[PDB]
Structure formats: structure tokens, C-alpha cells
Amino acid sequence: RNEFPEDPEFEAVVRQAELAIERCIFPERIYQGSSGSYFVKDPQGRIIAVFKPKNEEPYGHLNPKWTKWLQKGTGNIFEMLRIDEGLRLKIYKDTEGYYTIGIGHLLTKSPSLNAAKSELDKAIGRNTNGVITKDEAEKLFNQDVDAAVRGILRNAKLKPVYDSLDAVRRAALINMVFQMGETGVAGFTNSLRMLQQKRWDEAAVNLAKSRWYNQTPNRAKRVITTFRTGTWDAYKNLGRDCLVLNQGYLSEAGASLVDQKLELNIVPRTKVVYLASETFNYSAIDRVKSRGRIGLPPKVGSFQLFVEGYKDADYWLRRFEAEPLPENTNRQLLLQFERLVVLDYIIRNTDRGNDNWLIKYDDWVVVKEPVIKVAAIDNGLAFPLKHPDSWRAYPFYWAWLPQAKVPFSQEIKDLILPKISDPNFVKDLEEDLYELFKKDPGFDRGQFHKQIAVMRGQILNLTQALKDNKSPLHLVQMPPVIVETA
């Protein structure tokens, strides 16, 4: 299902990719990144493209790094709880004020610290003085996990649900019985009903209203969604929470869509593309049904054209500092840089570093070629649901570069103000992004609107920075805003 009549060059590169696969010259897995990235090659073995399947994304289901994790099944209860309970080597108080130690191990509900210390020496087998070791905390931990499992299986109300749950939800029920114990979780009898009948969004609500959750909502909500989605997603990124969970390929393409409309031309053309390759990471089911013929299903991903002759922004800027560019070349760098800032600001890039963009440094009817040129790669971490909570965690790295000190050139204002000042352009931009993002099965209209709000707020700021001839740096000091509808 791959066709792009609007862009026949792109389609042609895609056609070489498929053909090369038919010929068993497979996209090869990039070592140089975290690993759901491939070098697409053509039938002659040259590298024509970079491909990032959605399901191999960092939060991705078929991500190679996290598959080992998915193998464990219920056996993830240990890490799950390590994450919720942390580790402490000295007596502390829990949320309710009860004496605790190691990984969530409750000593007593008594107010006396020596009751607790007493209860602790009994457990460990020595005089602890309220302080235990890593191994001691781990041994308490297993026993406490065993005890939880026993609590569930010794019980008539819990066991039925537990046996009917998939490996991941089972881990969630153990989590609760770790925290509240056998008798406590069995007082949820309603929610156990839903869990038993498999209705997840029903139950995901009732656990939302309890004395529990009320006490430990951050954790409770983490379990509730492990119940709702049958997955580990609440346990892999607490938190980014600035970004939609697994839509990087759409970020990637979207970044390229924006570049196209603003006519920046720093983003190598990127689109949503389907490919099947033996080199990808597929479920075992899929591997088997291929007959080893049916063949592998195509995966949906971002397909980004490959550009040659470029090096790390980092690589070049380091050299230009020791041996500075002549004014005329250096002005070409700056003009390229402005385009980058405009891109990143508009799409609100969250992870542009000096490794994430590339530089290439080399009367009449035709324009002399530029010596210097900028490619913006690795755009899948943009389009956030909202501004980051601590600007220090997700900054704009290029802001600390000296080039960020230079006032926006009239050239960028000329390129950019007529577009982003035209409400029909920004409208059109939102329709194009919409037609792009909605194609995702996990698309959510409410999430989209939030994304757009940020984008509209970024545009609002950019417009005035440009009118006032601010530097890129003064632009980022402008307080972040969102433009919200309803």
C-alpha cells in the first residue's frame, strides 16, 4: 500500500527499497542508535534510506531491547514492585505512617520504633539496629512476593480472577495484594467481577475510586493502566509524559511535512511507509505464519531519505572554532541555523542535540550553490502534548550555542512571517498534520488538540520574535504558552 503521487522521487526510492528486499538485500539494523532503526539499501547495496518501524519504537511493542522483558511474563512482578517500592536500607515510614524497610516491607502498624526494630530483628535473624543490607532486603522481598501469591491462590474470591487473567494483569493483582494483602484486595469484589469478565475500561474506573489510589494515586494509576491495557507501558517511562507514547514515526514524518510547508528544506523527505523485511523483529506467530509462501507482514514506519556528505553539527562546529569560516560562508551557516530553530520551535522538538543535526561543508540564470548546508535528522521526539515541566529537562540545546545569539535575519522573517501570519496557512498546517496523525490506530482526537495547542502557542511566540527581530536565544526565553480552543 505505498504510493505518493505528490512525490514521485520519493516513491521511486521506496520502490528500490522493496525491490532490494525482494532480492534479499535487507535493511540492516543500525548499531549506532538505540535499535529500532535500519539502513534501507537498494538492490545495488547502497544506503538509500533510514527506516524506523513504529512497533520497534523505544516504547514499542516489538522493540528488541524490551522483548526480553516481555518474556518474563508475570516474572516482571519483581521489577514492577522494585519500581513502585524503591529500596531502603533503614527503617522508614510508609504513606500511612507505618514502619517499613527494604522494598515495601511493612514491619508493624504500631507507633513504637522499637516494636518495629524488634519486628525487624526477628525477620532478619540478628540485631539490625534498624539497618539492613541489599541481600537482606532482597530476601525479605521474595518472601513477601511468595506471600502475596499465596494470598491470592489460598483465596476463593481472588483465585478465580487470577486464573482468568493474562500474565501481565496477574502481575497487577499480585502488586495490589503486595500492597494491601490478601484480605484487602478481596474487598474490591466489584472490580474483581469486571476483571473476571474481561471488561477492562469498566474496572479501570472502579479501582480509580477507592481509599487506595486516594492514598497512593501515582502508584495506583500505574497499576490501573497495567490492568486496563494488559501491558507494561506505565512501567517504562515515568515520566516523559510530555509526549504521546508511541507515535515517533509520525513525529518524524510530521517534522518533514512542516519543513515542506515552511519551505525550509533542511529535513530529508520523510513519510509514513510500509515495509516487510526478514531483518526486522517480528512476533514468533508472524515468523511462523510466513511459512518460513505467505511472508512477513509489512510494518508501518517512518522512511527518511538518506543524505550523503554530512557530518555531525558537533563535528563541524568544533573545527570552525579552531579555523573560523570566512564571513560569507559563516553567514550561510547562520541562515541554515535559523531554519533549524524555526523547525524545532514550531514542532517543539524535545531532543535536538548537536548529534541530531548534520552539516555538509564543501550574470546568469542559476543561483551559485551554497558551500554549507544543514540536515535535520532524528525528529521523532517532537509534537509534545504540552510544555515540559522543567525546561532544564527538555531544553533546546542549540540555545547555548553562540549562533543562537544572532538576531533573526530579514531573510528568515521574509520566508516565514507571511506563512505563519496567515491564519489559513496555520489552519492548513493543522489539517495536514491531522490527516497524517489520525491514520494511527491509537490516535486520539483529544490528544491531537493538545498537540496543536502547543504548536499554535509556539507559532504565536515565533511570529512576535520575528517581528521584533529577536535572537533565537531571546525566542526561547519567551515564556511558553498554549492556544486552547473550547
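The first residue of the shown sequence is 1; numbering continues from there.
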Checking the other PDB entries that cover both flanking residues: does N424 lack coordinates in at least a third?
no
Among the other entries of this protein that model both neighbours of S37, is it absent from at least a third?
no
Using none, 1 to 3, 4 to 9 or 10 or more, say how many deposited residues go missing between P111 and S112.
none
According to the PDB record, deposited residues with no modelled atoms between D201 and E202 number none
Please work out which of 346-354 and 155-163 has the higher mean CA B-factor as recorded in the PDB entry.
155-163
Averaged over C-alpha atoms, is the B-factor higher for 45-53 or for 61-69 in this PDB entry?
61-69
Out of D84, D362, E308, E252, residue topping the C-alpha B-factor column of the entry:
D362
One of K261, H105, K299, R219 has the largest Cα B-factor in the entry, namely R219
Which third of the chain does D7 land in by C-alpha B-factor: lowest, middle or highest?
middle
Quick check for you: using the entry's CA B-factors within this chain, is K90 in the lowest, middle or highest third?
middle
Within this chain's modelled residues, let me know which third the CA B factor of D414 belongs to: lowest, middle or highest.
lowest
Among the modelled residues of its chain, does the C-alpha B-factor of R456 lie in the lowest, middle or highest third?
lowest
Cα B factor band for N237 (lowest, middle or highest third within the chain)
highest
